[PDB]
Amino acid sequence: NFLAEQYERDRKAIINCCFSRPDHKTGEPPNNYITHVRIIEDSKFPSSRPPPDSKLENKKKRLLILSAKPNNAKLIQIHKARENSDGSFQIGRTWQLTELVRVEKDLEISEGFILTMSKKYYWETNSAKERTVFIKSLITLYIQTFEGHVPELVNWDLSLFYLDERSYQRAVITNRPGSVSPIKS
């Protein structure tokens, strides 16, 4: 259970420096931690599966952390963080769960997946087991937050999320008249 210990360790650490004490900038209360996952990003191939020969210097070790605003528990956010020495974390880019429009499973790498917000982001989890746990979390979360709806799902076994072809078809946000823009020329 080295992953379990790691999660607990990471959890404790993450909440202690980013979701425990009110913001130092302004007395504003902190968000409530929900969950996180460690990820490996490739700077040369940020939005697609990188080739097998992409040099290690291109890889970046980061985390994706999910939190809710203090006031509203329906306002969840996705934070991309970097762990610095001394064990602390530094939050960088931030997105609104609302932006999540697509979640794809990479069919070749058991740790790979792609999230689509404004852009397309390819990321690998540290282990196959971690991708499965995280994605299950992310989708369940979205479903709980947005009246049973779901982002476009690609290559996932729907039963992972306790859904099926029927339920999914009804819930996909693509199943709304003005939601999908047409191609052109």
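Counting begins at 1, following the sequence as shown.
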Of 76 to 84 and 93 to 101, the one with larger mean CA B-factor: 76 to 84
Comparing 47 to 55 with 118 to 126, the one whose average Cα B-factor in the PDB entry is higher: 47 to 55
Member of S137, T26, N155, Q144 with the greatest C-alpha B factor (per the PDB record): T26
B-factor third for the C-alpha atom of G148 within its chain: middle
CA B-factor placement of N175, once the chain's modelled residues are sorted into thirds: middle
